[PDB]
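One chain comes next, on its own, written as structure tokens: the form deposited in one PDB entry.
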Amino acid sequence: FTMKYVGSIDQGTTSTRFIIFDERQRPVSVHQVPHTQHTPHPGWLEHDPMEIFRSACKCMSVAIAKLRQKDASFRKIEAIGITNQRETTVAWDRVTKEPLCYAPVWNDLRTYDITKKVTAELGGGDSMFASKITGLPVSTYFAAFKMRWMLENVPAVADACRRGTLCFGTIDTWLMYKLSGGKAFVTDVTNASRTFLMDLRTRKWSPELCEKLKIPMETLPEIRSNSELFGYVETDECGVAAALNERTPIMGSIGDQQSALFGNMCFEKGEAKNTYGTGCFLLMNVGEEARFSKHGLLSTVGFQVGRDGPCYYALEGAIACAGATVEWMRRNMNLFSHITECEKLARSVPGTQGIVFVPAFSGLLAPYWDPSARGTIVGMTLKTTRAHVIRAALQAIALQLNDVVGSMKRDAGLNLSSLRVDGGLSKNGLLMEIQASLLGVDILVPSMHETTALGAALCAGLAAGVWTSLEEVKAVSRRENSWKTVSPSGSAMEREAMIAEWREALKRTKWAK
């Protein structure tokens, strides 16, 4: 009898992928399509919403074609999962069914002047005033402020509002709308968590905060869990419905960082993942109990399988320059050429020998939120060489996650029991080693490296009975997909001396304005 498949749309910052997982949790077909990174004015960033939706549909149809080739039996896909760059907001009209303008992106800074205007007028100048409600400080990153800016600065959006025809949505809702073809207007708990308009505990919109921020609650979508029938796939944009054979259901929608948490099986409290993409995203499952933080970190929804099934929360931290630093050292500074040289050179020296390199190129994030900090190096002598500098950069990434995990542990009320790690920089042994030493936990490195897209497809597959329970998933994961592990190896006095160097260097980072 035939293998059952689940589909997963990984809609990333700079590209979109479709991945068909089988019931062994193996990606069996994949395609990718980049979309354009528009930068009008320095600090801005935009996406064409129609470019993305089309990318997604191209990805679906091409990947489906290739699977039919290597398995001619494959009749249809059981369900489809959506995961997305979060907070990126699209504005679209409900009868034209098309974007009013280009979508500003999570790390765009057009909403700066509004971020200031808001905090004073509403919060009484309190950054974390909403944080008992949302889980978030007022920052440029969150949808509401993109939503407001669009109402304040885009004529077609301004008009669309009064006409009573303005839909707003994070990338999940935008996808899920068009795929159904007008028929579905829904977000999920993890994406909603990042709007700055959701009550964190209750998992419902905040009439207070919508009203307070001037956002017609008519514009917002119907919140749901991550794992349940969202809609059907009813379009033929790039042969997609034809290619699908049946009307495949969309039974999975989840924020991309949470989707890595879920795809790395971080189901129980105290478990965490860190993605090493361009920057970092560390998320730790804090369990059924929601949590808040003195360190300026974020409180967010981790996951929720089904309606009224348990909602687990999480605390979230980041670093801005992780991969960016490795790449900067190569392309900007010419410290090496071939990617793998980075690890070899750092290895080739006993240690940093008294240099620290705080690679805070766009300020320190995390539990020392310094927008004035810059990229800085200290303690160099004529014996200092590129190798030391590359090593220091790697230690500094590990030192940030240490200070972040340190912060998380206190205000979560738990220890970190193990760290799963994903993204290109997880394939660097020395960094995983140093990380595992400093934190003092096993670090698991999944050889099925596509964990974000699995999180999406797992939700989908739970809600269609490809997998019956989380333990069947956990079990199959352990049965089919291999979990290489890196253990601590730390002289605890060295951790002291390394963090003391670190503490000291951070004082010399302050620079801008």
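Take the two forms, find the largest set of C-alpha atoms that superpose within 1.5 Å, and that set is the rigid core. Each residue number is its position in the shown sequence, starting from 1.
Stretch 115-123 is the one, of 115-123 and 256-264, whose CA positions lie farther from the shown form in 8 other deposited structures of this protein once all structures are superposed by the rigid core.
After superposing on the rigid core, the larger RMS C-alpha deviation in 8 other deposited structures of this protein belongs to 330-338, the other candidate being whichever of 330-338 and 425-433 remains. Looking at mean Cα B-factors across 317-325 and 178-186, the upper value is held by 178-186. Comparing 162-170 with 352-360, the stretch with the higher mean C-alpha B-factor in the PDB entry is 162-170. Taking the PDB entry at face value, the top CA B factor among 282, 82, 213, 392 belongs to 213. Annotation for residue 467: CA B-factor lies in the highest third of the chain's modelled residues. When the CA B factors of the chain's modelled residues are split into thirds, the value for residue 480 lands in the highest one.
Residue 87: CA B factor lies in the lowest third for its chain, per the PDB record. Per-chain ranking of the deposited C-alpha B factor places residue 9 in the lowest third.
In this PDB entry, residue 498 carries a Cα temperature factor that places it within the highest third of its chain's modelled residues.
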